[PDB]
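One chain comes next, on its own, written out as structure tokens in the form deposited in one PDB entry.
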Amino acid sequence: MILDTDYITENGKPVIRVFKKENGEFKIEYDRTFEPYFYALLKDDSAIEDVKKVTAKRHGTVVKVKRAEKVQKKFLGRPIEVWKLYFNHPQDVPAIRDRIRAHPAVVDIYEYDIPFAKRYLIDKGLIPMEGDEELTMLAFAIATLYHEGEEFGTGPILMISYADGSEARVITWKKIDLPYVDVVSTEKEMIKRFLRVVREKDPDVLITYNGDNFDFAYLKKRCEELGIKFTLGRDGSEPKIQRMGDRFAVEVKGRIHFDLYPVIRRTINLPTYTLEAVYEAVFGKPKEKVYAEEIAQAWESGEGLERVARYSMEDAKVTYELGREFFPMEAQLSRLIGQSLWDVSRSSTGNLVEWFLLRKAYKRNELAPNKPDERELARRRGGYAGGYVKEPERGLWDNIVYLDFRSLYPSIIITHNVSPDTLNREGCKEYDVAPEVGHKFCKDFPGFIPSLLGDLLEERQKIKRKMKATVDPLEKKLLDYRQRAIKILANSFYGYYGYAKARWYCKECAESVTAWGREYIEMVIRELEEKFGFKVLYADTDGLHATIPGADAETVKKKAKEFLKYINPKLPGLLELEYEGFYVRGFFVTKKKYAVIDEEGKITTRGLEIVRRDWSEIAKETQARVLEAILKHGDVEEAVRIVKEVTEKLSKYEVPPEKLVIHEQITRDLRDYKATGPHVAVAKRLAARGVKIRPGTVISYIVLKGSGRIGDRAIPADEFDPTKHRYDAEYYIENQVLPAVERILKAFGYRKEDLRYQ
């Protein structure tokens, strides 16, 4: 099983290294035969003579074209002649490429920015993570001495916990009478002890939660301060701090550093992303949090250190368990993209598509288009029309069926062959004409991307089957995640068409797909309402809620199933409308915002404050009980009672601070805020106190009593003291709770005045 590739340099020449685990044995395979290259398109092949003489000087050594050879390839399906330019070292490519491209006789150059080790994986047809090979895994975590306002890594590490299938232990340098703690003499010894555990357990995978940004950087800092070599790689090396825009990523050569945070952040929708919060959401159970001041208080006194050691040990065990649960998803993705697990688990979905496309293109002999330059970027800024959203019938509706297209946009792309290599192509024999926008797509031969989406849909269907059959709830949720991930990947191929930085960019494709989406959903609505007696209550892009007014439950279900048997045979190719759900009661507040209740009493909520991270819990909690009182009890006067009790509770300061907190992400550098809302305001004041804020920081705040701008009244959550200053009960009633519930109770004739406390 191939884990990774890289290259090192020996004698000025590149040597590729393949990291493999075969029959339980770790191997490093060396390939010295592989030659970096890119392609050049010429006005005429006589100019190759002059092009071959281009040189660059890098670090006082002349760089030259090692060898040129004329190759036949295809570009968007069409034949094309290019010159393959080989070189002696990968670094030769960035050094010479601009000067090759600037040559008068060179129309353009191609595939000049593919990393050499990944070029090797693609060109050699190697897929990481294939095989029954069993990998070993080890998680670790750290607990550190912390005081507000000190530089990173100033305080010593106090404990390094670690966990795998067998044990879960804490190394520390103070005496903790617990059975999983190993006390050693010094911090330096604690670390050197951790180093040996890893070397001797020899894990294939190293699992952390935010290790890319916290744990490994702290360890590196302590190692420098204590004079330790931080030897974790299987080749003896220290961890390699790669860079990835605003964040960092940490490699550990020969092993897979599996950092959970990017995957969890991508998969689970939480207001905050503490390890406790993530653990709770995946496994159901709570995790106690001990705090940096608690930790430091215990350490400087000797007392209460066993709560800290337990907390440390649970971090590792929980990290390991999260690691075990999500690893199969990342492995399969690794196989589907054809890149390392280390990459795919940190990759944007754009780069995942790009890397999948590059690999398939090599197998098809399709020269890849280039990422756009700044001028092509600017001519791609135009938008295009998206999906049809129907304004919902409002009020309370009974016996609601939900009908929804399977994998709609991918299914359109495949059925109508929507690809840049088939758009207005040649003199073709059959085409499909997109409605409204008119683009013609050749049907004589399969388009590049259309020919590839099918298998992604099968893979999802296969996982979906496994999911619907699985009874163990934990395994069913993880399987829900995997099938959602493959669905988002497949839809990302559609979005890629309209992605400005995309290689195989194609706005006509993108807008042809949406336009077909609109035609199909509107045809279904019209057939439902004008010929089968349904009232469509709501509809979005490719799904719709519908009922037969006045009919009983079993009539709606029977007529809905009848309609599907009628419509699906008139649908072309993979277009298929699915029976997706039935609800005894539902009500629709606005576009994107509704709630429905199934026959078992499960309320499904979409879009409403309940589901958002950035409303306070007290608003979300009240809306949930209102929703239950209406949808499950039909008792609207109880809903009202609920609201008035919560408004009276806020007025009397009887709601705890935690339900008052608001969570809002900083998405960009503070300097770049054209408008400064409350969360930004709080952020800027922390930034002024020397507190690192970066895109992805989640700000937690409460607004205090007062008036004026709300950002003027707002404070970090951790800093609210109910004794010293009281919270803005007025704010939470009129700006949080009442807008959340009145958008529902409006439909029953309640005005805000009916919900407040006198």
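Only the largest set of C-alpha atoms that superpose within 1.5 Å between the two forms is called the rigid core. Start at 1 and count along the sequence shown; that's the residue number.
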**Prompt:** Does residue 705 have no coordinates in at least a third of the other PDB entries examined?
**Reply:** no
**Message:** Given the other compared entries that model the residues flanking it, would you say residue 367 is unmodelled in at least one third?
**Reply:** no
**Fill in**
Entry B factor averaged over C-alpha atoms, 142-150 against 317-325: higher for 142-150
**Prompt:** Per the entry, where is the mean C-alpha temperature factor higher: 502-510 or 457-465?
**Reply:** 457-465
**Fill in**
Based on the PDB entry, the highest CA temperature factor among the options 102, 244, 263, 121 is that of 244
**Prompt:** Between 522, 391, 200, 108, which carries the biggest CA temperature factor in the record?
**Reply:** 200
**Request:** For residue 196, return the chain-relative third of its C-alpha B-factor as stated in the PDB record: lowest, middle or highest.
**Result:** highest
**Request:** Name the third of the chain's ranked CA B-factors that contains residue 311, choosing lowest, middle or highest.
**Result:** highest
**Request:** Classify residue 304 as lowest, middle or highest third according to the C-alpha B-factor given in the PDB entry, relative to its own chain.
**Result:** highest
**Message:** Which third, lowest, middle or highest, does the C-alpha temperature factor of residue 713 belong to within its own chain?
**Reply:** highest
**Item:** Third of chain Cα B-factors occupied by residue 721
**Value:** highest
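Quick note: we don't show the form deposited in another entry, though the next part is all about it.
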**Prompt:** Of 463, 513, 414, 250, which is the single residue whose C-alpha shifts by 2 angstroms or more between this form and the one not shown after core superposition?
**Reply:** 463
**Request:** Please check if residue 476 moves between this form and the one not shown, taking a CA shift of 2 Å or more relative to the superposed core as movement.
**Result:** yes
**Asked** So with the core overlaid, does the Cα of residue 281 end up 2 Å or more away between this form and the one not shown?
**Response** no
**Message:** Taking the rigid core as the reference frame, tell me whether residue 488 has a CA displacement of 2 angstroms or more between this form and the one not shown.
**Reply:** yes
**Prompt:** Do residue 474 and residue 265 move together or apart in the other entry, judged by C-alpha distance changing 3 Å or more?
**Reply:** farther
**Complete:** Checked in the other entry: CA of residue 480 to CA of residue 265 differs by 3 Å or more, atoms lying farther
